[PDB]
*Asks:* 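Let me begin by handing over the structure; questions about it come next.
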Amino acid sequence: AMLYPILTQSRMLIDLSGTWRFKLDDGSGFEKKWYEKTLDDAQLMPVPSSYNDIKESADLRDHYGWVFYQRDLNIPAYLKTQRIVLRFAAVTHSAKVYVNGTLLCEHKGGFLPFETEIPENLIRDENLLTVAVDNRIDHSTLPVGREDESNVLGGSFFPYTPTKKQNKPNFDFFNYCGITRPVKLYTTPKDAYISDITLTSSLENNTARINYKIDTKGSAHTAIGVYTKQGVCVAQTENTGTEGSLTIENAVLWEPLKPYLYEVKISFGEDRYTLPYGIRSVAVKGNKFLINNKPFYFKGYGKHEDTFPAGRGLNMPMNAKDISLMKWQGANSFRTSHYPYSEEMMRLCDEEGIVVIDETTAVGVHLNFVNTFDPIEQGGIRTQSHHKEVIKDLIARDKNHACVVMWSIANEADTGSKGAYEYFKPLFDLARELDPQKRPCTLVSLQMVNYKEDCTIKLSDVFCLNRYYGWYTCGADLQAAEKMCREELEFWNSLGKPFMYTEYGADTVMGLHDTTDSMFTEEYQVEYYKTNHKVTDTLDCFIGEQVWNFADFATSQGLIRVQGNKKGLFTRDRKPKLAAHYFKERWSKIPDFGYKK
Amino acid sequence: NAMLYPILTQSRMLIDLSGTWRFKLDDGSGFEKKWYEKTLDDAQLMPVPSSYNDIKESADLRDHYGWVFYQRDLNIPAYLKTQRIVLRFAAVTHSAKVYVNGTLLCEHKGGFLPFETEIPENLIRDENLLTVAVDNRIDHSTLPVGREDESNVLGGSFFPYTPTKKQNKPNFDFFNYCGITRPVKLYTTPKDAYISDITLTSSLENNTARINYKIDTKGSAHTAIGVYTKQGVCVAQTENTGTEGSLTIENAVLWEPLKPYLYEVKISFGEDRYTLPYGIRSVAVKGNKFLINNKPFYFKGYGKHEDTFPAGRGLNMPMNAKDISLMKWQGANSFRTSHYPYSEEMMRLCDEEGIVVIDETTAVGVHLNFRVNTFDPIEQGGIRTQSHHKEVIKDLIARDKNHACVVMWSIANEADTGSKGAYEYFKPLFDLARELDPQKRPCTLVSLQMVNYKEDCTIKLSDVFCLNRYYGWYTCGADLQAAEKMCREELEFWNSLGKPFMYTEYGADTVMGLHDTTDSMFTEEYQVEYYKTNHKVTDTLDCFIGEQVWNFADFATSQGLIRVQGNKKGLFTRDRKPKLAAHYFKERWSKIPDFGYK
Ligand SMILES: [Cl-]
Ligand SMILES: [Cl-]
Ligand SMILES: [Cl-]
Ligand SMILES: [Cl-]
């Protein structure tokens, strides 16, 4: 259970972000127990931020292993009358958290929150908070790191021996690590408090019924009230226990680009918590993706959390800039490729009416780009257990978001190979079991020669395809790209279920131009997209287009990465390429609902 | 006036109120209709802290004239009422009205320095609204100055036209970024006895390092002070002490440029607890030398701006750290807070990192003639800024007095200091700065390039002459031989005065990616040749003790025919990428020591 920490009449909220001490592990930090004392001979690092790009050091950017963050934590003893909690919104990839040299918690998974109470007895007059952060990835982590597998995107013409041991990402984006999202101290009443809130809605005529389950610790009485934005109470139930329901007459529905959030206020004993909440329905019916019973057409992007110089770190001005650009362009949606995004972004999307495909950290689950899904004993991928935990934690965090309409279980896994169905079926079953709203589930399909053998066909409610007709195949032959595109997409269209692009694009360096089709130029990016839409616009089961990518982003180094991935419609500093203007024109003429009715 | 930086302590809560706020442009009725009394209706959302101008894609918002309203809910525990509850605004640009529920709590003028107000506990209901109205308007009474009838010298048209809407008329180059620029926080102290200010100075005579302290308090209680090394070893302490005293620091390590050392000075008063980082060092001007720890310093660095995309002037902690890392990579040791006080987070980071700072007021644009003279009597049209200028000096020194990194106060940038009345305007301000700084640091004003440079009143006022000169850009453009000759003729006059002088600005607009082997303005090669030409002169002058370029990085400005999407004089681009000249300076500054160059 991970409610977003907020300031309330029963809950303090103390941000610990700022300038922290920082030290690379030299192989002796745990042996010499650096967490027991002030870090010596240390640097300074902003928190929240990825650490890789803050300095000018390749040894720091390309570090392998642990680093140690630390700050002083001097708090009033009178907080000891309350329950005291340290919340880590995200520490990438793995964390060990120490207060005064006592290990308080550990966490695996770099993109979801975790928390620990501080035992009263540990809090001295002066305290040290130390966070050790591990950046290493392998066959057991999500995202996956290679072990003996070859570098496909960053391969040399002639092999060489690396100077130092390094991570081997099985994914494109740069392995930004550190204290990615805010660290905060918060409090709740000690004896009785709210641990979780679950809300589902049903629309009977113009009356919404909101079913609630309020999970609590301790013995007290539970109450719930639903308020309009302007502050009018529209439903209230007292002494309701855990489960109940209530109704809102003439409810205002949350719609894409037309958001409406009620405020759901909960009391339990002395505890107070307010959750914003939008009322909307999601259903797949035939080849339609229905939001509030209307056939939606996705217009948008796969994104990354990527800005300079914080890397993956929470950047709230850029989040607001990015949503503004989305509305400027006529987009209505994006996918959280390839990890859960910050709660601050997710809550902002609820407020702004941006639809979200919420995706796990499960990218790189692919050992043949020994079978990927062989038994662990025979060398198969070792991620399924953690994959289950990620699904649990992602849905627990994001279940109440109106903006989340579909779960993406994995990106570009080896879904055309033997054992893939056996790996994924329990994960799809888990997502359907745990999501109270029973939203659609998908996996994001890698381009593959044997596409009819993609186990997505047996599992997903929507088929989500990553396809690069005119880039990774048919480059500079867009007539051949159109023919190859049509041949495959007519197969998917024949299945009668909704399908969409979750990735399609062409690397494009701003400022490169040619009137005559030429890879990496701004004009070719436009022609690539025109060619694909010639096909997709004729297919009635094709219900959405999300480009790769919203913006240029950092990646590992190699011969096909021109200082990162250049498939953005915008540059890394959010400037529009020619194709950004193309999509503004195109999306201006396509309705959010009823394009393919 | 006293403004200790808010920190989390054993006696003090610190609750950051930054985040997503509601935001509404005023339409002329916001105060008449009392928008602050209810939830903002039909509002937008805006991140705090940030400038509001670049977050959306709206020219009407970017170029808005007048007021905007920010608002958020403020639901806090009633048990905080056993403490003193304070709302701290680190900066609201330019002027602010702060309401809790329907009640005006405070008003502030001055967009770049903090202000705070206690929240009366009777005002705190079960649910509260916090509304902040923010005014962006500038004129002859604000710092920075807005033009009234004066014409646009950097953005003039060939043919006059009537603007569609009334707009601000900046009398300064940089863009008029406004909004809640820096964090808003709630903090608490004990009610009955608390620390209001701490003043520390250093004494280094007789081979003995001592810290002198003055602790200002409210209420009645006992005072204690201890000084601690980085590793937490107490090196001096006393309990039940006076408000003023001194502590000897045995084995004292001095704060040095690029070799910082900060002690932790821990103070208690009653139940209140506060910790101040502090670097021990001396600053003095003697003859033609700028002495830090009695050694002859050479400034290497930049005039900066607080400018990043998309937050504008807003606090950007990752980029602050990036910028310091780039300065150290380049071999710089210093910068100037052009043209306004910077965030406390930046200043405290400079103390931690060993970056020397020239700390400048908001007084840019004090110039009505770039016929009424700038410093004519107010009643005949002269500039109306002197009263606020005094307040800014008091507030700046009160905020930054304890920083080792601050070695000089800059009283104003490019004022009309060659005109009649300038000395009379500035003498009380130099006197005030010298009276109020407990460390009595050097004072300067930053000198506009002017034909009659020998009449610059800086000569009668300043401890260091700080010159903005553009030999090879705004004069002698594409004639660097003439630039060298003109530069030498004037800088030999300054050298003949025998006092320390330096460049605080010099540079050439440079669009990254434009090149020519043959001297051509706006190319990366010309930027290098411009600097080579200037250094041919400055390296021969024994009283020239510092070079700060204009600018660290490209930054946003008002629109016009000589601003190629902002000011392009950065050594780095706005996204902090090095131009050819940034590599030139890395090589040059690598060969110039911080001490003993001249
Ligand atoms: Cl990627
Ligand atoms: Cl790609
Ligand atoms: Cl400027
Ligand atoms: Cl300039």
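The chains referred to below are lettered A, B, ... by the order of the sequence lines, with proteins before strands, and numbering in each begins at 1.
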*Asks:* Ring pair (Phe, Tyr, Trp, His ring centres under 6.0 Å) for B:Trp550 and B:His339? Distances and angles first, verdict last.
*Replies:* CA-CA 12 Å; B:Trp550 196 245; B:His339 299 302; 5.2 Å; yes

*Asks:* Looking at B:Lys295 and B:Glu256, does any basic side-chain N land under 4.0 Å from a carboxylate oxygen?
*Replies:* yes

*Asks:* Could you walk me through whether B:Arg336 and B:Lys304 satisfy the side chain to side chain contact (heavy atoms under 4.5 Å, CB included) test, starting with their C-alpha distance in whole Å, then the side-chain angles of each, then the deciding distance to 0.1 Å, before giving a yes or no?
*Replies:* CA-CA 6 Å; B:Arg336 174 178 54 118; B:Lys304 278 190 115 281; over 6 Å; no

*Asks:* Find the distance between OG1 (B:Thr181) and NE2 (B:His94) and round it off to the nearest 0.5 Å.
*Replies:* 8.5 Å

*Asks:* Taking B:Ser51 for the side chain and B:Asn53 for the main chain, is one N or O donor matched with an acceptor at less than 3.5 Å?
*Replies:* no

*Asks:* Testing the 3.5 Å rule here: is there a donor-acceptor pair between the side chains of B:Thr93 and B:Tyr340?
*Replies:* no

*Asks:* Any donor-acceptor pair under 3.5 Å linking the side-chain atoms of B:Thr504 with those of B:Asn468?
*Replies:*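 Indeed, the side chains of B:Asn468 and B:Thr504 share at least one donor-acceptor pair under 3.5 Å.
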
*Asks:* Does B:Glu391 offer a backbone N or O that forms a donor-acceptor pair with the side chain of B:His388 under 3.5 Å?
*Replies:* no

*Asks:* Less than 4.0 angstrom from a charged side-chain N to a carboxylate O is my criterion; do B:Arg313 and B:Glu306 meet it?
*Replies:*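 Between B:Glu306 and B:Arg313 there is no salt bridge, as every charged N stays at least 4.0 Å from the carboxylate O atoms.
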
*Asks:* Determine whether the side chains of B:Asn567 and B:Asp173 contain a donor N or O and an acceptor N or O closer than 3.5 Å.
*Replies:*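 B:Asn567 vs B:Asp173: donor-acceptor pair found between side chains.
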
*Asks:* Could you give me the CA-CA distance, side-chain angles and deciding distance for B:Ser419 and B:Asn373, then say whether side-chain hydrogen bond (donor to acceptor under 3.5 Å, both in side chains) is met?
*Replies:* CA-CA 8 Å; B:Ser419 65; B:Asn373 304 297; over 6 Å; no

*Asks:* Determine yes or no for a side-chain-to-main-chain donor-acceptor pair under 3.5 angstrom, with B:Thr337 supplying the side chain and B:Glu360 the backbone.
*Replies:*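 The answer is yes, because a donor-acceptor pair under 3.5 Å joins these two groups.
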
*Asks:* Any donor and acceptor pair, going by atom type alone, linking the side chain of B:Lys499 with main-chain N or O of B:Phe465 inside 3.5 Å?
*Replies:*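 Side chain of B:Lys499 to backbone of B:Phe465: no pair is present.
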
*Asks:* Considering only NZ, NE, NH1 and NH2 on the basic side and carboxylate oxygens on the acidic side, decide whether B:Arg574 and B:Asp307 come within less than 4.0 Å.
*Replies:*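 The answer is yes: the pair qualifies as a salt bridge.
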
*Asks:* Do B:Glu547 and B:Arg588 meet the salt-bridge criterion of a basic N to acidic O distance under 4.0 Å?
*Replies:* yes

*Asks:* Do B:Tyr503 and B:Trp494 pass the ring pair (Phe, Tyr, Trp, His ring centres under 6.0 Å) test, and can you show the C-alpha distance, the side-chain angles, and the key distance before you say yes or no?
*Replies:* CA-CA 11 Å; B:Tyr503 276 163; B:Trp494 292 99; over 10 Å; no

*Asks:* Can you say whether the rings of B:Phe572 and B:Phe552 are parallel (under 30°), tilted (30 to 60°) or perpendicular (over 60°)?
*Replies:* tilted

*Asks:* When you compare the side chains of B:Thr540 and B:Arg488, does any donor N or O come within less than 3.5 Å of an acceptor on the partner?
*Replies:* yes

*Asks:* Does B:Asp431 pair with B:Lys427 as a salt bridge, N-O distance under 4.0 Å?
*Replies:*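 A salt bridge is present here (some side-chain N lies under 4.0 Å from a carboxylate O).
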
*Asks:* With a 4.5 Å heavy-atom cut-off, do B:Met502 and B:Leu467 have their side chains touching?
*Replies:*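 Counting from C-beta outward, B:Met502 and B:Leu467 never come under 4.5 Å.
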
*Asks:* May I ask you to decide whether B:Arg384 forms a salt bridge with B:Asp139, counting only side-chain N to carboxylate O separations under 4.0 Å?
*Replies:* yes

*Asks:* To the nearest 0.5 angstrom, please state how far the SG atom of B:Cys350 sits from the CD atom of B:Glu344.
*Replies:*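 Nearest 0.5 Å value for the SG-CD distance: 12.5 Å.
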
*Asks:* Between B:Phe595 and B:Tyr597, does the ring centre distance come in under 6.0 Å?
*Replies:* no

*Asks:* Can you list the residues that meet the salt bridge (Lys or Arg N to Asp or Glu O under 4.0 Å) rule with B:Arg281, with sequence neighbours excluded?
*Replies:*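 Result, salt bridge (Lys or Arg N to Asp or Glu O under 4.0 Å) vs B:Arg281: none returned.
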
*Asks:* Once you measure the plane-to-plane angle for B:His108 and B:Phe115, does it fall in the parallel (<30°), tilted (30-60°) or perpendicular (>60°) bin?
*Replies:*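 Plane angle under 30°, so parallel.
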
*Asks:* Taking only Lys NZ, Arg NE, NH1 and NH2, and the carboxylate oxygens of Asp or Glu, determine whether B:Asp463 and B:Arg441 approach each other closer than 4.0 Å.
*Replies:*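 Looking at B:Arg441 together with B:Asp463, the answer is no, because their closest N to O distance does not fall below 4.0 Å.
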
*Asks:* Take B:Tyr584 and B:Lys532, measure what side chain to side chain contact (heavy atoms under 4.5 Å, CB included) needs, and give me the verdict at the end.
*Replies:* CA-CA 9 Å; B:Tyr584 165 79; B:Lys532 284 180 172 172; 3.6 Å; yes

*Asks:* Evaluate the side chain to side chain contact (heavy atoms under 4.5 Å, CB included) criterion for residues B:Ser202 and B:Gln439: first the C-alpha distance (whole Å), next the side-chain angles of each, then the deciding distance (0.1 Å), finally the verdict.
*Replies:* CA-CA 8 Å; B:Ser202 302; B:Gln439 306 184 7; 5.9 Å; no

*Asks:* Any non-hydrogen side-chain atom of B:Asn176 less than 4.5 Å from a side-chain atom of B:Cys178?
*Replies:* yes

*Asks:* With respect to B:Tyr302, which candidate in B:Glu505, B:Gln548, B:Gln330 satisfies the side chain to side chain donor-acceptor pair (under 3.5 Å) definition?
*Replies:* B:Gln330

*Asks:* Please determine whether a side-chain nitrogen of the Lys or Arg among B:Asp542 and B:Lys598 lies less than 4.0 Å from a carboxylate oxygen of the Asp or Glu.
*Replies:* no

*Asks:* Using side chain to side chain contact (heavy atoms under 4.5 Å, CB included), reason through B:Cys405 and B:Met347 one step at a time and then give a plain yes or no.
*Replies:* CA-CA 8 Å; B:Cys405 66; B:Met347 302 300 302; 3.9 Å; yes

*Asks:* Step by step, work out the side-chain hydrogen bond (donor to acceptor under 3.5 Å, both in side chains) result for B:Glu490 and B:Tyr471.
*Replies:* CA-CA 10 Å; B:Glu490 174 178 356; B:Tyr471 313 113; 2.5 Å; yes

*Asks:* Where the side chain of B:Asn333 meets the backbone of B:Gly354, is there a donor-acceptor pair that is under 3.5 Å apart?
*Replies:*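 Looks like no, no N/O pair under 3.5 Å.
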
*Asks:* Checking B:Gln527 side chain against B:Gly570 main chain: does a donor-acceptor pair fall under 3.5 Å?
*Replies:* yes

*Asks:* Can you sort out the partners of B:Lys214 under side chain to side chain contact (heavy atoms under 4.5 Å, CB included), two or more places apart, ordered by chain and number?
*Replies:* B:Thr199, B:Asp216, B:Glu244

*Asks:* I'd like to know if the side chain of B:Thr417 and the backbone of B:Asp456 have a donor-acceptor N/O pair within less than 3.5 Å.
*Replies:*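 Here the side-chain-to-backbone pair does not exist.
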
*Asks:* Salt bridge check: are B:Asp197 and B:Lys401 linked by an N-O gap of less than 4.0 Å?
*Replies:* yes

*Asks:* Looking at B:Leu368, is its backbone amide N or carbonyl O close enough to the side chain of B:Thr374 to form a donor-acceptor pair, meaning the two atoms are under 3.5 Å apart?
*Replies:* yes

*Asks:* Can a salt bridge be assigned to the pair B:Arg348 and B:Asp400 using a cut-off of 4.0 Å between side-chain N and carboxylate O?
*Replies:*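 No, no charged N to carboxylate O under 4.0 Å.
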
*Asks:* Going by the ring-ring contact (aromatic ring centres under 6.0 Å, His included) test, name the single residue among B:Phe112, B:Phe555, B:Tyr342 that passes it with B:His305.
*Replies:*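 It is B:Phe555; the other options fail the test.
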
*Asks:* Decide yes or no on ring pair (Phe, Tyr, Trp, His ring centres under 6.0 Å) for B:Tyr506 and B:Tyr470, but give the supporting numbers first.
*Replies:* CA-CA 5 Å; B:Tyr506 64 132; B:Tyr470 291 96; 8.5 Å; no

*Asks:* Side chains of B:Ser338 and B:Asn413: any donor to acceptor distance under 3.5 Å?
*Replies:* no

*Asks:* Does the side chain of B:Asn495 pick up a donor-acceptor pair with the side chain of B:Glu492 at under 3.5 Å?
*Replies:*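 Judged by distance alone, the side chains do not pair up.
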
*Asks:* Short question: side chain of B:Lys440, backbone of B:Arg434 - any donor-acceptor pair under 3.5 Å?
*Replies:*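 Between the backbone of B:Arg434 and the side chain of B:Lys440 there is a qualifying donor-acceptor contact (under 3.5 Å).
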
*Asks:* For a side-chain hydrogen bond (donor to acceptor under 3.5 Å, both in side chains) check, start with the C-alpha distance between B:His403 and B:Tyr278, then their side-chain angles and the critical distance, and finish with the verdict.
*Replies:* CA-CA 7 Å; B:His403 284 304; B:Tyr278 189 68; over 6 Å; no

*Asks:* Set out, in order, the CA-CA distance, both residues' side-chain angles and the distance that settles ring pair (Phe, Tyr, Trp, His ring centres under 6.0 Å) for B:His535 and B:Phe585, then state yes or no.
*Replies:* CA-CA 11 Å; B:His535 296 150; B:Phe585 268 105; 5.4 Å; yes

*Asks:* Would you say B:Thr117's side chain and B:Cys106's backbone share a donor-acceptor pair under 3.5 angstrom?
*Replies:*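 Judged by distance alone, no pair lies under 3.5 Å.
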
*Asks:* For B:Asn212 and B:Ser246, which I'm curious about, is there any donor-acceptor pair between the side chains at under 3.5 Å?
*Replies:*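 No, no side-chain donor-acceptor contact under 3.5 Å.
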
